[PDB]
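Every number in this note's numbering is 1432 more than the matching position in the sequence shown, counting from 1.
Note that the Cβ used here is the ideal one computed from N, Cα and C, for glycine as well.
Down below is the structure, laid out as structure tokens.
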Amino acid sequence: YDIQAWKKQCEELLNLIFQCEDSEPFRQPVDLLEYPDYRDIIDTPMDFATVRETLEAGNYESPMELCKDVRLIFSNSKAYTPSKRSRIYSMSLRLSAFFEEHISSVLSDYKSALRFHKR
Ligand SMILES: COc1cc(Br)ccc1CC(=O)O
Ligand SMILES: COc1cc(Br)ccc1CC(=O)O
């Protein structure tokens, strides 16, 4: 029932994401020089370095907030892709499946810890 445990769990999950090849297009903000129309389609850019930095600065209050930002990386990829068969979008789907598979217990444990605290 550790209310703070999600933070290190998210740091470890981000380490796994950064280790894998599929995260390369999502590690840093999208290069606007290589994709000049990006901000015409995407309102809120997001990347894994920004998520990790927000976490490390103590600027997430819960794993749900981190999860909303990570999901924004994947929804931005889906919205910017010219095709559902594109290389970068296909990497985003694999990374999203891995992220969802691992964030589920982090969210459940956190919500369980808060319920126990409220008793
Ligand atoms: C992650 O942003 C993208 C998502 C998709 Br889908 C296609 C291209 C980009 C730009 C980039 O390759 O950084
Ligand atoms: C850290 O990422 C992974 C680790 C393992 Br094991 C399997 C799949 C992935 C996701 C991906 O490579 O897209």
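Less than 7 Å separates the beta-carbon of residue 1459 from that of residue 1480. By the Cβ rule, the segment 1459 to 1477 counts as touching the segment 1500 to 1516, because three or more pairs are nearer than 8 Å. Here the alpha carbon of residue 1447 sits roughly 26 Å from the alpha carbon of residue 1546. For a cut-off of 8 Å, the C-beta gap from residue 1457 to residue 1520 is around 5 Å, short enough to register as a contact. A straight line joining the alpha-carbon of residue 1440 with that of residue 1550 spans about 23 Å. The beta-carbon distance between residue 1494 and residue 1542, rounded to whole angstroms, is 7 Å. This is short enough to meet the 8 Å contact definition.
Collapsing the DSSP output to three states places residue 1502 in a helix.
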